[PDB]
$ cat model.pdb   # PDB, C-alpha atoms
ATOM      1  CA  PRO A   1      32.969-109.854 -21.628  1.00  0.00           C
ATOM      2  CA  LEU A   2      34.377-111.332 -18.395  1.00  0.00           C
ATOM      3  CA  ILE A   3      36.681-108.380 -17.713  1.00  0.00           C
ATOM      4  CA  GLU A   4      33.763-105.962 -17.468  1.00  0.00           C
ATOM      5  CA  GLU A   5      32.090-108.419 -15.095  1.00  0.00           C
ATOM      6  CA  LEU A   6      35.194-108.557 -12.898  1.00  0.00           C
ATOM      7  CA  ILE A   7      35.398-104.763 -13.113  1.00  0.00           C
ATOM      8  CA  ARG A   8      31.763-104.319 -12.053  1.00  0.00           C
ATOM      9  CA  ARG A   9      32.365-106.843  -9.256  1.00  0.00           C
ATOM     10  CA  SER A  10      35.393-104.804  -8.139  1.00  0.00           C
ATOM     11  CA  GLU A  11      33.431-101.538  -8.316  1.00  0.00           C
ATOM     12  CA  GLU A  12      30.805-102.984  -5.975  1.00  0.00           C
ATOM     13  CA  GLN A  13      33.430-104.279  -3.566  1.00  0.00           C
ATOM     14  CA  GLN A  14      35.103-100.876  -3.629  1.00  0.00           C
ATOM     15  CA  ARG A  15      31.897 -99.065  -2.654  1.00  0.00           C
ATOM     16  CA  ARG A  16      31.348-101.536   0.171  1.00  0.00           C
ATOM     17  CA  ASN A  17      34.888-101.108   1.520  1.00  0.00           C
ATOM     18  CA  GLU A  18      34.491 -97.331   1.355  1.00  0.00           C
ATOM     19  CA  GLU A  19      31.067 -97.425   3.010  1.00  0.00           C
ATOM     20  CA  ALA A  20      32.370 -99.863   5.629  1.00  0.00           C
ATOM     21  CA  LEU A  21      35.355 -97.549   6.120  1.00  0.00           C
ATOM     22  CA  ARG A  22      32.664 -95.001   6.979  1.00  0.00           C
ATOM     23  CA  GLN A  31      34.462-106.908   7.774  1.00  0.00           C
ATOM     24  CA  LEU A  32      36.810-104.326   6.315  1.00  0.00           C
ATOM     25  CA  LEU A  33      40.051-106.330   6.202  1.00  0.00           C
ATOM     26  CA  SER A  34      38.270-109.315   4.658  1.00  0.00           C
ATOM     27  CA  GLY A  35      36.640-106.990   2.134  1.00  0.00           C
ATOM     28  CA  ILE A  36      40.010-105.460   1.258  1.00  0.00           C
ATOM     29  CA  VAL A  37      41.453-108.952   0.853  1.00  0.00           C
ATOM     30  CA  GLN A  38      38.564-110.052  -1.352  1.00  0.00           C
ATOM     31  CA  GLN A  39      38.929-106.872  -3.416  1.00  0.00           C
ATOM     32  CA  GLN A  40      42.569-107.753  -3.927  1.00  0.00           C
ATOM     33  CA  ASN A  41      41.415-111.082  -5.374  1.00  0.00           C
ATOM     34  CA  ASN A  42      38.967-109.231  -7.660  1.00  0.00           C
ATOM     35  CA  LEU A  43      41.734-106.956  -8.955  1.00  0.00           C
ATOM     36  CA  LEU A  44      44.147-109.859  -9.393  1.00  0.00           C
ATOM     37  CA  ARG A  45      41.506-111.714 -11.434  1.00  0.00           C
ATOM     38  CA  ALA A  46      40.950-108.632 -13.608  1.00  0.00           C
ATOM     39  CA  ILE A  47      44.688-108.264 -14.259  1.00  0.00           C
ATOM     40  CA  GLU A  48      44.867-111.957 -15.146  1.00  0.00           C
ATOM     41  CA  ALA A  49      41.936-111.719 -17.550  1.00  0.00           C
ATOM     42  CA  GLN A  50      43.470-108.626 -19.133  1.00  0.00           C
ATOM     43  CA  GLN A  51      46.750-110.504 -19.501  1.00  0.00           C
ATOM     44  CA  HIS A  52      44.946-113.264 -21.382  1.00  0.00           C
ATOM     45  CA  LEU A  53      43.351-110.742 -23.753  1.00  0.00           C
ATOM     46  CA  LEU A  54      46.671-108.927 -24.181  1.00  0.00           C
ATOM     47  CA  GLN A  55      48.383-112.182 -25.122  1.00  0.00           C
ATOM     48  CA  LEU A  56      45.701-112.763 -27.758  1.00  0.00           C
ATOM     49  CA  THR A  57      46.290-109.344 -29.310  1.00  0.00           C
ATOM     50  CA  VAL A  58      50.049-109.981 -29.415  1.00  0.00           C
ATOM     51  CA  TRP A  59      49.399-113.184 -31.377  1.00  0.00           C
ATOM     52  CA  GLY A  60      46.865-111.402 -33.587  1.00  0.00           C
ATOM     53  CA  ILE A  61      49.453-108.743 -34.428  1.00  0.00           C
ATOM     54  CA  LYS A  62      51.965-111.463 -35.342  1.00  0.00           C
ATOM     55  CA  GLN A  63      49.376-113.054 -37.626  1.00  0.00           C
ATOM     56  CA  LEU A  64      48.747-109.745 -39.385  1.00  0.00           C
ATOM     57  CA  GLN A  65      52.499-109.221 -39.719  1.00  0.00           C
ATOM     58  CA  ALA A  66      52.783-112.567 -41.504  1.00  0.00           C
ATOM     59  CA  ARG A  67      49.831-111.733 -43.765  1.00  0.00           C
ATOM     60  CA  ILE A  68      51.201-108.317 -44.763  1.00  0.00           C
ATOM     61  CA  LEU A  69      54.650-109.816 -45.322  1.00  0.00           C
ATOM     62  CA  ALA A  70      53.187-112.457 -47.647  1.00  0.00           C
ATOM     63  CA  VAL A  71      51.492-109.691 -49.664  1.00  0.00           C
ATOM     64  CA  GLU A  72      54.635-107.547 -49.790  1.00  0.00           C
ATOM     65  CA  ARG A  73      56.617-110.565 -50.995  1.00  0.00           C
ATOM     66  CA  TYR A  74      53.984-111.453 -53.587  1.00  0.00           C
ATOM     67  CA  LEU A  75      54.194-107.930 -55.002  1.00  0.00           C
ATOM     68  CA  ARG A  76      57.997-108.045 -55.050  1.00  0.00           C
ATOM     69  CA  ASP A  77      57.888-111.418 -56.801  1.00  0.00           C
ATOM     70  CA  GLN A  78      55.438-110.178 -59.438  1.00  0.00           C
ATOM     71  CA  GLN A  79      58.001-107.556 -60.465  1.00  0.00           C
ATOM     72  CA  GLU A  80      60.544-110.307 -61.254  1.00  0.00           C
TER
ATOM     73  CA  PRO B   1      57.319-113.483 -19.399  1.00  0.00           C
ATOM     74  CA  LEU B   2      57.629-111.092 -16.432  1.00  0.00           C
ATOM     75  CA  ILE B   3      53.880-110.490 -16.159  1.00  0.00           C
ATOM     76  CA  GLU B   4      53.189-114.157 -15.453  1.00  0.00           C
ATOM     77  CA  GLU B   5      55.931-114.037 -12.821  1.00  0.00           C
ATOM     78  CA  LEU B   6      54.339-111.005 -11.164  1.00  0.00           C
ATOM     79  CA  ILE B   7      50.967-112.745 -11.435  1.00  0.00           C
ATOM     80  CA  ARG B   8      52.266-115.931  -9.795  1.00  0.00           C
ATOM     81  CA  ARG B   9      53.917-113.771  -7.117  1.00  0.00           C
ATOM     82  CA  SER B  10      50.568-112.035  -6.528  1.00  0.00           C
ATOM     83  CA  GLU B  11      48.709-115.364  -6.403  1.00  0.00           C
ATOM     84  CA  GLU B  12      51.044-116.568  -3.651  1.00  0.00           C
ATOM     85  CA  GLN B  13      50.672-113.340  -1.698  1.00  0.00           C
ATOM     86  CA  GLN B  14      46.906-113.607  -2.059  1.00  0.00           C
ATOM     87  CA  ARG B  15      46.818-117.117  -0.582  1.00  0.00           C
ATOM     88  CA  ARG B  16      48.982-115.965   2.312  1.00  0.00           C
ATOM     89  CA  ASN B  17      46.761-112.958   3.057  1.00  0.00           C
ATOM     90  CA  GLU B  18      43.692-115.199   2.933  1.00  0.00           C
ATOM     91  CA  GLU B  19      45.304-117.853   5.130  1.00  0.00           C
ATOM     92  CA  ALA B  20      46.553-115.160   7.515  1.00  0.00           C
ATOM     93  CA  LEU B  21      43.041-113.686   7.492  1.00  0.00           C
ATOM     94  CA  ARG B  22      42.071-117.137   8.765  1.00  0.00           C
ATOM     95  CA  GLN B  31      51.453-109.568   9.335  1.00  0.00           C
ATOM     96  CA  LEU B  32      48.192-109.043   7.492  1.00  0.00           C
ATOM     97  CA  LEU B  33      48.355-105.288   6.860  1.00  0.00           C
ATOM     98  CA  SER B  34      51.952-105.545   5.652  1.00  0.00           C
ATOM     99  CA  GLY B  35      50.953-108.449   3.414  1.00  0.00           C
ATOM    100  CA  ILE B  36      48.053-106.445   1.985  1.00  0.00           C
ATOM    101  CA  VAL B  37      50.413-103.530   1.372  1.00  0.00           C
ATOM    102  CA  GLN B  38      52.974-105.765  -0.320  1.00  0.00           C
ATOM    103  CA  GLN B  39      50.218-107.320  -2.438  1.00  0.00           C
ATOM    104  CA  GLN B  40      49.247-103.837  -3.535  1.00  0.00           C
ATOM    105  CA  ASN B  41      52.827-103.372  -4.749  1.00  0.00           C
ATOM    106  CA  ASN B  42      52.618-106.708  -6.613  1.00  0.00           C
ATOM    107  CA  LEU B  43      49.404-105.650  -8.362  1.00  0.00           C
ATOM    108  CA  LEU B  44      50.781-102.201  -9.172  1.00  0.00           C
ATOM    109  CA  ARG B  45      53.862-103.825 -10.737  1.00  0.00           C
ATOM    110  CA  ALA B  46      51.651-106.137 -12.811  1.00  0.00           C
ATOM    111  CA  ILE B  47      49.559-103.209 -14.071  1.00  0.00           C
ATOM    112  CA  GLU B  48      52.754-101.344 -14.950  1.00  0.00           C
ATOM    113  CA  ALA B  49      54.192-104.308 -16.840  1.00  0.00           C
ATOM    114  CA  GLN B  50      50.897-104.752 -18.676  1.00  0.00           C
ATOM    115  CA  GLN B  51      50.954-101.061 -19.565  1.00  0.00           C
ATOM    116  CA  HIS B  52      54.396-101.496 -21.104  1.00  0.00           C
ATOM    117  CA  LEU B  53      53.196-104.446 -23.198  1.00  0.00           C
ATOM    118  CA  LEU B  54      50.035-102.565 -24.180  1.00  0.00           C
ATOM    119  CA  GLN B  55      52.104 -99.612 -25.366  1.00  0.00           C
ATOM    120  CA  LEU B  56      54.152-101.988 -27.521  1.00  0.00           C
ATOM    121  CA  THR B  57      51.033-103.399 -29.172  1.00  0.00           C
ATOM    122  CA  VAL B  58      49.755 -99.878 -29.891  1.00  0.00           C
ATOM    123  CA  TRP B  59      53.025 -99.116 -31.696  1.00  0.00           C
ATOM    124  CA  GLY B  60      52.912-102.481 -33.472  1.00  0.00           C
ATOM    125  CA  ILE B  61      49.413-101.704 -34.745  1.00  0.00           C
ATOM    126  CA  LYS B  62      50.624 -98.327 -36.041  1.00  0.00           C
ATOM    127  CA  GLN B  63      53.471-100.072 -37.857  1.00  0.00           C
ATOM    128  CA  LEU B  64      51.063-102.501 -39.511  1.00  0.00           C
ATOM    129  CA  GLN B  65      48.802 -99.595 -40.462  1.00  0.00           C
ATOM    130  CA  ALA B  66      51.722 -97.938 -42.246  1.00  0.00           C
ATOM    131  CA  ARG B  67      52.642-101.195 -43.996  1.00  0.00           C
ATOM    132  CA  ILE B  68      49.095-101.859 -45.230  1.00  0.00           C
ATOM    133  CA  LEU B  69      48.757 -98.238 -46.339  1.00  0.00           C
ATOM    134  CA  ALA B  70      51.968 -98.503 -48.373  1.00  0.00           C
ATOM    135  CA  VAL B  71      50.575-101.610 -50.102  1.00  0.00           C
ATOM    136  CA  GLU B  72      47.188-100.002 -50.759  1.00  0.00           C
ATOM    137  CA  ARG B  73      48.942 -96.973 -52.252  1.00  0.00           C
ATOM    138  CA  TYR B  74      51.228 -99.147 -54.369  1.00  0.00           C
ATOM    139  CA  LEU B  75      48.193-100.916 -55.824  1.00  0.00           C
ATOM    140  CA  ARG B  76      46.436 -97.608 -56.496  1.00  0.00           C
ATOM    141  CA  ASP B  77      49.570 -96.269 -58.183  1.00  0.00           C
ATOM    142  CA  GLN B  78      49.924 -99.352 -60.389  1.00  0.00           C
ATOM    143  CA  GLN B  79      46.485 -98.604 -61.842  1.00  0.00           C
ATOM    144  CA  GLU B  80      47.697 -95.169 -63.020  1.00  0.00           C
TER
ATOM    145  CA  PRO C   1      48.359 -90.514 -21.184  1.00  0.00           C
ATOM    146  CA  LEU C   2      45.872 -91.023 -18.325  1.00  0.00           C
ATOM    147  CA  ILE C   3      47.160 -94.495 -17.442  1.00  0.00           C
ATOM    148  CA  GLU C   4      50.618 -93.166 -16.608  1.00  0.00           C
ATOM    149  CA  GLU C   5      48.942 -90.510 -14.463  1.00  0.00           C
ATOM    150  CA  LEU C   6      46.944 -93.149 -12.588  1.00  0.00           C
ATOM    151  CA  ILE C   7      50.128 -95.211 -12.288  1.00  0.00           C
ATOM    152  CA  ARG C   8      52.113 -92.285 -10.862  1.00  0.00           C
ATOM    153  CA  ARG C   9      49.196 -91.572  -8.508  1.00  0.00           C
ATOM    154  CA  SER C  10      49.277 -95.221  -7.388  1.00  0.00           C
ATOM    155  CA  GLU C  11      53.063 -95.141  -6.935  1.00  0.00           C
ATOM    156  CA  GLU C  12      52.725 -92.159  -4.597  1.00  0.00           C
ATOM    157  CA  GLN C  13      49.934 -93.809  -2.632  1.00  0.00           C
ATOM    158  CA  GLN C  14      52.040 -96.953  -2.366  1.00  0.00           C
ATOM    159  CA  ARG C  15      54.999 -95.077  -0.870  1.00  0.00           C
ATOM    160  CA  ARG C  16      52.687 -93.392   1.620  1.00  0.00           C
ATOM    161  CA  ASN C  17      51.099 -96.686   2.699  1.00  0.00           C
ATOM    162  CA  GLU C  18      54.556 -98.217   3.098  1.00  0.00           C
ATOM    163  CA  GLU C  19      55.877 -95.211   5.018  1.00  0.00           C
ATOM    164  CA  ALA C  20      52.721 -95.148   7.146  1.00  0.00           C
ATOM    165  CA  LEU C  21      53.161 -98.892   7.691  1.00  0.00           C
ATOM    166  CA  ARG C  22      56.519 -97.830   9.131  1.00  0.00           C
ATOM    167  CA  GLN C  31      45.311 -93.477   8.096  1.00  0.00           C
ATOM    168  CA  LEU C  32      46.613 -96.787   6.811  1.00  0.00           C
ATOM    169  CA  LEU C  33      43.330 -98.603   6.136  1.00  0.00           C
ATOM    170  CA  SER C  34      41.899 -95.563   4.353  1.00  0.00           C
ATOM    171  CA  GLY C  35      45.104 -95.287   2.331  1.00  0.00           C
ATOM    172  CA  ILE C  36      44.909 -98.965   1.384  1.00  0.00           C
ATOM    173  CA  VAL C  37      41.279 -98.479   0.371  1.00  0.00           C
ATOM    174  CA  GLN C  38      42.114 -95.410  -1.704  1.00  0.00           C
ATOM    175  CA  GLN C  39      44.998 -97.293  -3.328  1.00  0.00           C
ATOM    176  CA  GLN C  40      42.547-100.010  -4.274  1.00  0.00           C
ATOM    177  CA  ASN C  41      40.498 -97.344  -6.065  1.00  0.00           C
ATOM    178  CA  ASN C  42      43.658 -96.125  -7.846  1.00  0.00           C
ATOM    179  CA  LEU C  43      44.466 -99.647  -9.049  1.00  0.00           C
ATOM    180  CA  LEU C  44      40.871-100.295 -10.098  1.00  0.00           C
ATOM    181  CA  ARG C  45      40.910 -97.067 -12.138  1.00  0.00           C
ATOM    182  CA  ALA C  46      44.180 -98.102 -13.804  1.00  0.00           C
ATOM    183  CA  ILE C  47      42.773-101.524 -14.722  1.00  0.00           C
ATOM    184  CA  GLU C  48      39.669 -99.837 -16.128  1.00  0.00           C
ATOM    185  CA  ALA C  49      41.703 -97.396 -18.208  1.00  0.00           C
ATOM    186  CA  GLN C  50      43.861-100.253 -19.474  1.00  0.00           C
ATOM    187  CA  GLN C  51      40.709-102.162 -20.385  1.00  0.00           C
ATOM    188  CA  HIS C  52      39.537 -99.213 -22.467  1.00  0.00           C
ATOM    189  CA  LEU C  53      42.868 -99.067 -24.314  1.00  0.00           C
ATOM    190  CA  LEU C  54      42.868-102.846 -24.775  1.00  0.00           C
ATOM    191  CA  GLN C  55      39.398-102.707 -26.307  1.00  0.00           C
ATOM    192  CA  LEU C  56      40.647-100.073 -28.752  1.00  0.00           C
ATOM    193  CA  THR C  57      43.542-102.273 -29.858  1.00  0.00           C
ATOM    194  CA  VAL C  58      41.175-105.218 -30.381  1.00  0.00           C
ATOM    195  CA  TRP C  59      39.072-103.048 -32.706  1.00  0.00           C
ATOM    196  CA  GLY C  60      42.203-101.719 -34.415  1.00  0.00           C
ATOM    197  CA  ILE C  61      43.353-105.280 -35.100  1.00  0.00           C
ATOM    198  CA  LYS C  62      39.944-106.102 -36.601  1.00  0.00           C
ATOM    199  CA  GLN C  63      40.224-103.049 -38.849  1.00  0.00           C
ATOM    200  CA  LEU C  64      43.655-104.135 -40.068  1.00  0.00           C
ATOM    201  CA  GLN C  65      42.323-107.649 -40.653  1.00  0.00           C
ATOM    202  CA  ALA C  66      39.613-106.220 -42.905  1.00  0.00           C
ATOM    203  CA  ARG C  67      42.143-104.058 -44.760  1.00  0.00           C
ATOM    204  CA  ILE C  68      44.563-106.938 -45.388  1.00  0.00           C
ATOM    205  CA  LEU C  69      41.683-109.181 -46.451  1.00  0.00           C
ATOM    206  CA  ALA C  70      40.521-106.583 -48.984  1.00  0.00           C
ATOM    207  CA  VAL C  71      44.050-106.474 -50.439  1.00  0.00           C
ATOM    208  CA  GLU C  72      44.370-110.265 -50.540  1.00  0.00           C
ATOM    209  CA  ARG C  73      41.014-110.477 -52.323  1.00  0.00           C
ATOM    210  CA  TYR C  74      41.968-107.733 -54.773  1.00  0.00           C
ATOM    211  CA  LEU C  75      45.116-109.656 -55.696  1.00  0.00           C
ATOM    212  CA  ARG C  76      43.164-112.899 -56.092  1.00  0.00           C
ATOM    213  CA  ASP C  77      40.616-111.116 -58.281  1.00  0.00           C
ATOM    214  CA  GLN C  78      43.311-109.588 -60.494  1.00  0.00           C
ATOM    215  CA  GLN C  79      44.473-113.108 -61.366  1.00  0.00           C
ATOM    216  CA  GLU C  80      41.002-113.942 -62.751  1.00  0.00           C
TER
END
$ encode --input "model.pdb" --output "structure tokens"
Amino acid sequence: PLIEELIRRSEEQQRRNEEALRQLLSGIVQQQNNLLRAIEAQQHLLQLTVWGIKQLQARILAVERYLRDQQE
Amino acid sequence: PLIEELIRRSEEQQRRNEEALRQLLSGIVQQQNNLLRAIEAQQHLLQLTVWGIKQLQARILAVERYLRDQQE
Amino acid sequence: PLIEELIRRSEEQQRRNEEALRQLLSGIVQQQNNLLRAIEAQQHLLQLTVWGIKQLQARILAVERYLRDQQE
């Protein structure tokens, strides 16, 4: 799963920015790229679920119609 | 799709913060608002899919029950 | 809903970073942790919907097969 890789990568960069808080600006900027990539990967997965739900809707509808048509 | 607009808007702001790294703090702060907006828009879409899945669950359940009831 | 709590928490931290823009670096770093947590919580919910969709797929498939088998 890429998203968990981008999340682990962001968790590392977070610890480094916090430790460095205790190089920083560049690390904050990189971390913003990590988060943006995660959001983008999540958006891709979300789009897939939306299409999957539409597919299931069509399949259920076909079954409901079949059962209506069998009653005649 | 708003989310792809907020993602494009974040991708631009990322390039600018990276180029400016090579105005910065304000750009990092704005980029944080872009990412927050994207997460919020994704949350809205995610909530819709959760409700869509519940609707499909109810529709399948009604069909399963109909088929059980037809067996009598 | 945790995600709306993490989103409210991020919205507060955003206003503070913007007001402070008008303490900042630490607030930007903390806000990055807020956003990362939101993305992670969203990922958890997204994974649940993926599994829910698979469950519905199996349920619809069982009904489609039952109806095929009844035709004999």
$ residues_around --input "model.pdb" --residues "residue A:2" --least-positions-apart "2" --cutoff "10 Å" --atoms "all atoms listed in the file" --output "PyMOL selection string"
chain A and resi 4-8+45-46+49-50
$ atom_distance --input "model.pdb" --atom1 "atom CA of residue A:51" --atom2 "atom CA of residue C:37"
23.9 Å
$ interface_residues --input "model.pdb" --of "chain C" --to "chain B" --cutoff "8 Å" --atoms "only C-alpha atoms" --output "MDAnalysis selection string"
chainID C and resid 3 7 10:11 14 17:18 21 36 39:40 43 46:47 50 53:54 57 60:61 64 67:68 71
$ calpha_fit_and_write --input "model.pdb" --fixed "chain A" --moving "chain B" --output "PDB file with C-alpha atoms, keeping the file's coordinate frame"
ATOM      1  CA  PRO B   1      32.969-109.854 -21.628  1.00  0.00           C
ATOM      2  CA  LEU B   2      34.377-111.332 -18.395  1.00  0.00           C
ATOM      3  CA  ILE B   3      36.682-108.380 -17.713  1.00  0.00           C
ATOM      4  CA  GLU B   4      33.763-105.962 -17.468  1.00  0.00           C
ATOM      5  CA  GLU B   5      32.091-108.419 -15.095  1.00  0.00           C
ATOM      6  CA  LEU B   6      35.194-108.556 -12.899  1.00  0.00           C
ATOM      7  CA  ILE B   7      35.398-104.764 -13.113  1.00  0.00           C
ATOM      8  CA  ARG B   8      31.764-104.319 -12.053  1.00  0.00           C
ATOM      9  CA  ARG B   9      32.365-106.843  -9.256  1.00  0.00           C
ATOM     10  CA  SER B  10      35.394-104.804  -8.139  1.00  0.00           C
ATOM     11  CA  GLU B  11      33.432-101.537  -8.317  1.00  0.00           C
ATOM     12  CA  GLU B  12      30.805-102.984  -5.975  1.00  0.00           C
ATOM     13  CA  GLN B  13      33.430-104.279  -3.566  1.00  0.00           C
ATOM     14  CA  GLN B  14      35.103-100.876  -3.629  1.00  0.00           C
ATOM     15  CA  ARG B  15      31.897 -99.065  -2.654  1.00  0.00           C
ATOM     16  CA  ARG B  16      31.348-101.536   0.171  1.00  0.00           C
ATOM     17  CA  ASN B  17      34.888-101.108   1.521  1.00  0.00           C
ATOM     18  CA  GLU B  18      34.491 -97.331   1.355  1.00  0.00           C
ATOM     19  CA  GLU B  19      31.067 -97.425   3.010  1.00  0.00           C
ATOM     20  CA  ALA B  20      32.370 -99.864   5.629  1.00  0.00           C
ATOM     21  CA  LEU B  21      35.354 -97.549   6.120  1.00  0.00           C
ATOM     22  CA  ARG B  22      32.664 -95.001   6.979  1.00  0.00           C
ATOM     23  CA  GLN B  31      34.462-106.908   7.774  1.00  0.00           C
ATOM     24  CA  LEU B  32      36.811-104.327   6.315  1.00  0.00           C
ATOM     25  CA  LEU B  33      40.051-106.330   6.201  1.00  0.00           C
ATOM     26  CA  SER B  34      38.270-109.315   4.659  1.00  0.00           C
ATOM     27  CA  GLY B  35      36.640-106.989   2.134  1.00  0.00           C
ATOM     28  CA  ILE B  36      40.010-105.459   1.258  1.00  0.00           C
ATOM     29  CA  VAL B  37      41.453-108.952   0.853  1.00  0.00           C
ATOM     30  CA  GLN B  38      38.564-110.051  -1.352  1.00  0.00           C
ATOM     31  CA  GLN B  39      38.930-106.872  -3.416  1.00  0.00           C
ATOM     32  CA  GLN B  40      42.568-107.754  -3.927  1.00  0.00           C
ATOM     33  CA  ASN B  41      41.415-111.083  -5.374  1.00  0.00           C
ATOM     34  CA  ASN B  42      38.967-109.230  -7.659  1.00  0.00           C
ATOM     35  CA  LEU B  43      41.733-106.955  -8.955  1.00  0.00           C
ATOM     36  CA  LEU B  44      44.147-109.859  -9.394  1.00  0.00           C
ATOM     37  CA  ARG B  45      41.506-111.714 -11.434  1.00  0.00           C
ATOM     38  CA  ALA B  46      40.949-108.632 -13.608  1.00  0.00           C
ATOM     39  CA  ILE B  47      44.688-108.264 -14.259  1.00  0.00           C
ATOM     40  CA  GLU B  48      44.867-111.957 -15.146  1.00  0.00           C
ATOM     41  CA  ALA B  49      41.936-111.718 -17.550  1.00  0.00           C
ATOM     42  CA  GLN B  50      43.470-108.626 -19.134  1.00  0.00           C
ATOM     43  CA  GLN B  51      46.750-110.504 -19.501  1.00  0.00           C
ATOM     44  CA  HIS B  52      44.946-113.264 -21.381  1.00  0.00           C
ATOM     45  CA  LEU B  53      43.352-110.742 -23.753  1.00  0.00           C
ATOM     46  CA  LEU B  54      46.671-108.927 -24.182  1.00  0.00           C
ATOM     47  CA  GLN B  55      48.383-112.182 -25.121  1.00  0.00           C
ATOM     48  CA  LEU B  56      45.701-112.763 -27.758  1.00  0.00           C
ATOM     49  CA  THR B  57      46.290-109.344 -29.310  1.00  0.00           C
ATOM     50  CA  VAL B  58      50.049-109.980 -29.416  1.00  0.00           C
ATOM     51  CA  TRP B  59      49.399-113.184 -31.376  1.00  0.00           C
ATOM     52  CA  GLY B  60      46.865-111.401 -33.588  1.00  0.00           C
ATOM     53  CA  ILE B  61      49.452-108.743 -34.428  1.00  0.00           C
ATOM     54  CA  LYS B  62      51.965-111.463 -35.341  1.00  0.00           C
ATOM     55  CA  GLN B  63      49.376-113.053 -37.626  1.00  0.00           C
ATOM     56  CA  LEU B  64      48.747-109.745 -39.385  1.00  0.00           C
ATOM     57  CA  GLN B  65      52.498-109.221 -39.719  1.00  0.00           C
ATOM     58  CA  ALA B  66      52.782-112.566 -41.504  1.00  0.00           C
ATOM     59  CA  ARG B  67      49.831-111.734 -43.765  1.00  0.00           C
ATOM     60  CA  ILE B  68      51.201-108.317 -44.763  1.00  0.00           C
ATOM     61  CA  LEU B  69      54.650-109.816 -45.322  1.00  0.00           C
ATOM     62  CA  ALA B  70      53.187-112.457 -47.647  1.00  0.00           C
ATOM     63  CA  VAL B  71      51.492-109.692 -49.664  1.00  0.00           C
ATOM     64  CA  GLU B  72      54.635-107.547 -49.790  1.00  0.00           C
ATOM     65  CA  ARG B  73      56.616-110.565 -50.994  1.00  0.00           C
ATOM     66  CA  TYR B  74      53.985-111.453 -53.586  1.00  0.00           C
ATOM     67  CA  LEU B  75      54.194-107.930 -55.002  1.00  0.00           C
ATOM     68  CA  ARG B  76      57.997-108.045 -55.049  1.00  0.00           C
ATOM     69  CA  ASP B  77      57.889-111.419 -56.801  1.00  0.00           C
ATOM     70  CA  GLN B  78      55.438-110.178 -59.438  1.00  0.00           C
ATOM     71  CA  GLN B  79      58.001-107.556 -60.465  1.00  0.00           C
ATOM     72  CA  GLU B  80      60.543-110.307 -61.254  1.00  0.00           C
TER      73      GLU B  80
END
$ atom_distance --input "model.pdb" --atom1 "atom CA of residue C:63" --atom2 "atom CA of residue A:79"
28.3 Å
$ axis_aligned_box --input "model.pdb" --around "stretch 3-21 of chain C" --padding-each-side "3 Å" --output "AutoDock Vina command-line options"
--center_x 51.4 --center_y -94.7 --center_z -4.9 --size_x 14.9 --size_y 14.4 --size_z 31.1
$ atom_distance --input "model.pdb" --atom1 "atom CA of residue A:35" --atom2 "atom CA of residue A:9"
12.2 Å
